Each structure stands twice: as structure tokens, then as C-alpha cells.
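J.: Take a look at the following structure, please.
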Amino acid sequence: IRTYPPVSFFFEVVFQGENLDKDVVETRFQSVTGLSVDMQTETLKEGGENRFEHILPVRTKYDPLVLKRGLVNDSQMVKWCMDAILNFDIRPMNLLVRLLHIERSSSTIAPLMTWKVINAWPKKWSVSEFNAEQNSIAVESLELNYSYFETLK
Amino acid sequence: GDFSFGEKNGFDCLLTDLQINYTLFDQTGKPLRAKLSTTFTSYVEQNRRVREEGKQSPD
């Protein structure tokens, strides 16, 4: 029975794709978010029943996936994205998102939780503001569409 | 009450249109709210109409 909850800052992302799963710089990210699902419904009122109304299920919606890094000047991933965006040529991929921990029985790094993200393709790309008077890092941000995600049980 | 349509204090009429909407009901089926919309038309008799038109002429 659990006594202590897990920690959020040890994680990884894997691209199961063209040949990006073996490229080391393609797994290192500063931030990952957007993993949430929502059910959308409608409301129906029945005459004579004044104590409650009926909520009926309609459809399912998912959030976009957002990744943030320091700027990498030569990236195969960015070539894939810009091929989709400039030449209207898209080729969706599959992804894995992992939450990691230390297991020992000496010790080893092992996955703790894994999600499969199915049919991802580019949505948005951006780079942060250049300012002559601030100490900052050039940070690039990518946003992706996908169909759904599942737990690797 | 004290409302006046004109030279008179009432409206003589017949009903021509009516609609009722039931929007709230009890658990046994009996209604709790109704909304009604009505249209009336003016009515006045022959004998009285020719007297209201007090036609003055070289007659």
C-alpha cells in the first residue's frame, strides 16, 4: 500500500517514426504538457420530473500536445515539421511518453508510466522573443495534434 | 379600470385567434404554468353604426 507519491521532473519522450527513435537530441525536452481528455454532453429536461435533468453523452475531445526545448539549429524533427507546413505534405507518427524512476533489486533506471500517442502531426511552431537587454535562452516550442492516447498496460 | 381606447372606456369584440403553451407539469401530470396569446377583432351593430356616422349633407 502506497505511502509516498511519485515525482514529476524525471521523464522522457520517444518518436516511433522515420528514424528518430535513435537520435539522442530528439528525446531531451525542457517541458511536456497537454495530456488530458474531456467528455462533451447535452442536457435534456423531462416533464413532470422536477428534481433533476438528464445528462446525455455526445463526443470525446483531446488537448494538443506541447513540447519546449532550447533551440537546436539542425534537427531532423524540425525538417519533418517544416515539410508538413511548407509543402502541405503530412505523414502522421506514433509517440511514447514515459515517466521514469529508479528501481533496485543493483539499481537501474526504468519506466514507471507509459502512454501511447497515436497519429500525431504538426500544428504549431514558435521561437521566443529576441531582446537586447535580457539574459535569456532561445527557446523553441512545438504543438501537435493527435487522435488519442492510451496507457501501455 | 380607467383606461380609455378613444372616445369610449371599453372594447367590443369577438375572439378570432388563440394559442396556449404548457411549459411546466406536476408529477401526476397536472400543469403548473400556461402562456396564452390572443387576437380580437372589433364589432359594432348596423343600427348603431349608421348613427355613429351622423352624416350631414344637403339632405
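Residues in the C-alpha cells are numbered from 1 in each chain, the chains being A, B, ... in the order shown, and ligands are numbered from 1 in the order shown.
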Residues within 12 Å of stretch 21-33 of chain A, please, as a tab-separated table (two decimals) with N, CA, C and O atoms, in the first residue's frame. Count only C-alpha atoms; anything in the same chain fewer than 4 positions from it doesn't count.
T.:
```
chain	number	residue	atom	x	y	z
A	8	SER	N	7.50	14.43	-10.52
A	8	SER	CA	7.17	14.81	-11.89
A	8	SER	C	8.35	15.24	-12.77
A	8	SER	O	8.15	15.41	-13.97
A	9	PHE	N	9.56	15.43	-12.24
A	9	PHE	CA	10.59	16.06	-13.08
A	9	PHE	C	11.53	15.08	-13.79
A	9	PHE	O	12.51	15.53	-14.38
A	10	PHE	N	11.27	13.78	-13.75
A	10	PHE	CA	12.12	12.78	-14.40
A	10	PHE	C	11.28	12.05	-15.46
A	10	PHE	O	10.47	11.18	-15.13
A	11	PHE	N	11.47	12.41	-16.73
A	11	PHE	CA	10.56	11.98	-17.79
A	11	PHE	C	11.29	11.91	-19.13
A	11	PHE	O	12.44	12.32	-19.24
A	12	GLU	N	10.60	11.38	-20.14
A	12	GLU	CA	11.19	11.19	-21.47
A	12	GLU	C	10.11	11.09	-22.55
A	12	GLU	O	8.97	10.73	-22.28
A	13	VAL	N	10.49	11.41	-23.79
A	13	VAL	CA	9.62	11.33	-24.96
A	13	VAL	C	10.34	10.59	-26.08
A	13	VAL	O	11.52	10.85	-26.34
A	14	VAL	N	9.64	9.66	-26.74
A	14	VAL	CA	10.20	8.83	-27.81
A	14	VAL	C	9.32	8.96	-29.06
A	14	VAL	O	8.10	8.84	-28.97
A	15	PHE	N	9.96	9.17	-30.21
A	15	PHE	CA	9.29	9.25	-31.51
A	15	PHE	C	9.44	7.92	-32.24
A	15	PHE	O	10.53	7.58	-32.69
A	16	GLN	N	8.34	7.17	-32.37
A	16	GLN	CA	8.37	5.89	-33.09
A	16	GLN	C	8.10	6.18	-34.56
A	16	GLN	O	6.98	6.06	-35.06
A	17	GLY	N	9.16	6.52	-35.28
A	17	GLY	CA	9.00	7.21	-36.55
A	17	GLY	C	10.18	6.96	-37.44
A	17	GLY	O	10.98	6.04	-37.22
A	63	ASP	N	-6.76	17.32	-25.78
A	63	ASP	CA	-5.94	18.52	-25.84
A	63	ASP	C	-4.73	18.33	-26.76
A	63	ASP	O	-4.24	17.22	-26.92
A	64	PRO	N	-4.22	19.42	-27.36
A	64	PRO	CA	-2.97	19.33	-28.12
A	64	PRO	C	-1.78	19.06	-27.21
A	64	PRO	O	-1.81	19.35	-26.02
A	65	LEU	N	-0.72	18.50	-27.80
A	65	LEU	CA	0.49	18.17	-27.05
A	65	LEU	C	1.55	19.24	-27.29
A	65	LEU	O	1.82	19.60	-28.44
A	66	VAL	N	2.15	19.74	-26.22
A	66	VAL	CA	3.06	20.89	-26.28
A	66	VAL	C	4.43	20.49	-25.73
A	66	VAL	O	4.53	19.97	-24.61
A	67	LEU	N	5.48	20.75	-26.52
A	67	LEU	CA	6.86	20.44	-26.19
A	67	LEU	C	7.71	21.71	-26.24
A	67	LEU	O	7.52	22.55	-27.12
A	68	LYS	N	8.63	21.85	-25.29
A	68	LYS	CA	9.53	23.00	-25.24
A	68	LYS	C	10.97	22.59	-25.02
A	68	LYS	O	11.27	21.81	-24.10
A	69	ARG	N	11.87	23.18	-25.83
A	69	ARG	CA	13.31	22.93	-25.78
A	69	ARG	C	14.09	24.23	-25.92
A	69	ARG	O	13.55	25.27	-26.31
A	70	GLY	N	15.38	24.15	-25.62
A	70	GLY	CA	16.32	25.12	-26.16
A	70	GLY	C	16.61	24.85	-27.63
A	70	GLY	O	16.64	23.71	-28.08
A	71	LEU	N	16.85	25.92	-28.38
A	71	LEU	CA	16.87	25.84	-29.84
A	71	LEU	C	17.99	24.94	-30.34
A	71	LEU	O	19.16	25.12	-29.98
A	72	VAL	N	17.63	23.98	-31.19
A	72	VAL	CA	18.58	23.09	-31.85
A	72	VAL	C	18.66	23.50	-33.32
A	72	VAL	O	17.65	23.50	-34.02
A	73	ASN	N	19.86	23.86	-33.77
A	73	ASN	CA	19.99	24.50	-35.08
A	73	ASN	C	19.85	23.54	-36.25
A	73	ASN	O	19.56	23.98	-37.36
A	74	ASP	N	20.05	22.24	-36.03
A	74	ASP	CA	19.90	21.25	-37.10
A	74	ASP	C	19.16	20.05	-36.52
A	74	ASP	O	19.74	19.26	-35.77
A	75	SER	N	17.89	19.91	-36.87
A	75	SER	CA	17.04	18.88	-36.31
A	75	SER	C	16.29	18.18	-37.43
A	75	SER	O	15.72	18.85	-38.30
A	76	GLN	N	16.30	16.85	-37.42
A	76	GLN	CA	15.51	16.10	-38.38
A	76	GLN	C	14.02	16.25	-38.10
A	76	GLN	O	13.21	16.29	-39.04
A	77	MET	N	13.66	16.37	-36.83
A	77	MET	CA	12.26	16.55	-36.46
A	77	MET	C	11.72	17.84	-37.06
A	77	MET	O	10.60	17.86	-37.58
A	78	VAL	N	12.50	18.91	-36.97
A	78	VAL	CA	12.05	20.19	-37.50
A	78	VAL	C	11.96	20.14	-39.01
A	78	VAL	O	11.10	20.79	-39.62
A	93	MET	N	2.70	10.19	-37.20
A	93	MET	CA	3.57	9.27	-36.48
A	93	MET	C	2.94	8.85	-35.16
A	93	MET	O	1.94	9.41	-34.71
A	94	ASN	N	3.55	7.83	-34.54
A	94	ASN	CA	3.23	7.42	-33.18
A	94	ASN	C	4.31	7.86	-32.19
A	94	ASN	O	5.50	7.95	-32.54
A	95	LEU	N	3.90	8.12	-30.95
A	95	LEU	CA	4.80	8.60	-29.91
A	95	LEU	C	4.62	7.79	-28.63
A	95	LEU	O	3.56	7.22	-28.39
A	96	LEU	N	5.67	7.78	-27.81
A	96	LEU	CA	5.59	7.31	-26.43
A	96	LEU	C	5.99	8.43	-25.48
A	96	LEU	O	6.95	9.16	-25.73
A	97	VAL	N	5.26	8.55	-24.38
A	97	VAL	CA	5.60	9.46	-23.29
A	97	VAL	C	5.83	8.62	-22.04
A	97	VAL	O	4.94	7.86	-21.64
A	98	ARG	N	7.00	8.77	-21.43
A	98	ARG	CA	7.40	7.95	-20.29
A	98	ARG	C	7.66	8.81	-19.07
A	98	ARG	O	8.27	9.87	-19.16
A	99	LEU	N	7.23	8.30	-17.92
A	99	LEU	CA	7.61	8.82	-16.61
A	99	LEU	C	8.49	7.76	-15.95
A	99	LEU	O	8.09	6.60	-15.86
A	137	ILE	N	17.50	32.46	-22.85
A	137	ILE	CA	17.88	31.38	-23.76
A	137	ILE	C	16.87	31.37	-24.90
A	137	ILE	O	15.68	31.60	-24.68
A	139	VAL	N	14.37	29.69	-26.94
A	139	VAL	CA	13.52	28.55	-26.61
A	139	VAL	C	12.53	28.34	-27.74
A	139	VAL	O	11.82	29.28	-28.12
A	140	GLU	N	12.48	27.12	-28.26
A	140	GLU	CA	11.52	26.79	-29.30
A	140	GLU	C	10.43	25.88	-28.75
A	140	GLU	O	10.66	25.07	-27.84
A	141	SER	N	9.23	26.04	-29.30
A	141	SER	CA	8.05	25.35	-28.81
A	141	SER	C	7.28	24.76	-29.98
A	141	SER	O	7.05	25.44	-30.99
A	142	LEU	N	6.88	23.50	-29.83
A	142	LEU	CA	6.16	22.76	-30.86
A	142	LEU	C	4.84	22.25	-30.29
A	142	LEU	O	4.79	21.77	-29.16
A	143	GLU	N	3.77	22.36	-31.08
A	143	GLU	CA	2.46	21.85	-30.70
A	143	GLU	C	1.95	20.89	-31.76
A	143	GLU	O	2.04	21.18	-32.96
A	144	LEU	N	1.38	19.77	-31.30
A	144	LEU	CA	0.97	18.66	-32.15
A	144	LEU	C	-0.49	18.29	-31.91
A	144	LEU	O	-0.99	18.36	-30.79
```
J.: Excluding residue A:120 and its own-chain neighbours fewer than 5 positions away, which residues fall within 6 Å of it when counting only C-alpha atoms? Please give them as a PyMOL selection string.
T.: chain A and resi 92-93+145-146
J.: Please save N, CA, C and O atoms of the selected residues as an mmCIF file, in the first residue's frame.
T.:
```cif
data_model
loop_
_atom_site.group_PDB
_atom_site.id
_atom_site.type_symbol
_atom_site.label_atom_id
_atom_site.label_comp_id
_atom_site.auth_asym_id
_atom_site.auth_seq_id
_atom_site.Cartn_x
_atom_site.Cartn_y
_atom_site.Cartn_z
ATOM 1 N N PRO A 92 1.665 11.346 -40.525
ATOM 2 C CA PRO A 92 1.500 11.151 -39.074
ATOM 3 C C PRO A 92 2.386 10.051 -38.495
ATOM 4 O O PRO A 92 2.758 9.096 -39.177
ATOM 5 N N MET A 93 2.702 10.189 -37.203
ATOM 6 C CA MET A 93 3.571 9.266 -36.479
ATOM 7 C C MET A 93 2.941 8.845 -35.157
ATOM 8 O O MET A 93 1.943 9.412 -34.709
ATOM 9 N N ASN A 145 -1.146 17.872 -32.999
ATOM 10 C CA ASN A 145 -2.448 17.215 -32.993
ATOM 11 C C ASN A 145 -2.270 15.703 -32.936
ATOM 12 O O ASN A 145 -1.283 15.168 -33.432
ATOM 13 N N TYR A 146 -3.249 15.014 -32.354
ATOM 14 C CA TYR A 146 -3.237 13.556 -32.348
ATOM 15 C C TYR A 146 -4.661 13.039 -32.221
ATOM 16 O O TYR A 146 -5.593 13.798 -31.952
#
```
J.: Do me a favour and pick out the residues of chain A within 7 Å of chain B, using only C-alpha atoms, as an MDAnalysis selection string.
T.: chainID A and resid 47:49
J.: DSSP on the backbone, then: every residue of chain A marked strand (DSSP E), written as a PyMOL selection string.
T.: chain A and resi 11-16+31-33+37-44+54-62+65-70+93-104+107-127+139-145+148-151
J.: Which residues in chain B does DSSP call helix (DSSP H, G or I)? List them as a list in words.
T.: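 The residues of chain B classed as helix (DSSP H, G or I) are residues 46, 47, 48, 49, 50, 51 and 52 of chain B.
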J.: With a distance cut-off of 12 Å and only C-alpha atoms, select the neighbouring residues of stretch 6-9 of chain B, excluding the residue or stretch itself and same-chain residues fewer than 4 positions from it, and output the selection as an mmCIF file with N, CA and C atoms, in the first residue's frame.
T.:
```
data_model
loop_
_atom_site.group_PDB
_atom_site.id
_atom_site.type_symbol
_atom_site.label_atom_id
_atom_site.label_comp_id
_atom_site.auth_asym_id
_atom_site.auth_seq_id
_atom_site.Cartn_x
_atom_site.Cartn_y
_atom_site.Cartn_z
ATOM 1 N N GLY B 1 -60.157 49.219 -15.822
ATOM 2 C CA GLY B 1 -60.203 50.349 -14.907
ATOM 3 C C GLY B 1 -60.469 51.674 -15.592
ATOM 4 N N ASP B 2 -59.486 52.567 -15.527
ATOM 5 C CA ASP B 2 -59.587 53.916 -16.066
ATOM 6 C C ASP B 2 -58.993 54.054 -17.461
ATOM 7 N N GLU B 52 -73.597 56.422 -35.489
ATOM 8 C CA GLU B 52 -72.279 56.993 -35.235
ATOM 9 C C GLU B 52 -71.808 57.845 -36.408
#
```
J.: For each of A:7, A:102, A:61, A:148, take the minimum atom-to-atom distance to residue A:38, counting only C-alpha atoms, then give the residue where this is smallest.
T.: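 Going through A:7, A:102, A:61, A:148 one by one, the smallest distance to residue A:38 is for A:61.
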J.: Just the residues within 10 Å of residue B:21, please, counting only C-alpha atoms, with nothing from its chain fewer than 2 positions along; format it as a ChimeraX atom specification.
T.: /B:19,23-24,33-37
J.: Hey, what's within 10 Å of residue B:13 if we count only C-alpha atoms and toss same-chain stuff fewer than 4 positions away? As an NGL selection string, please?
T.: :B and (39-44)
J.: Can you work out the spacing between atom CA of residue A:111 and atom CA of residue A:152 in Å, to one decimal?
T.: 11.0 Å
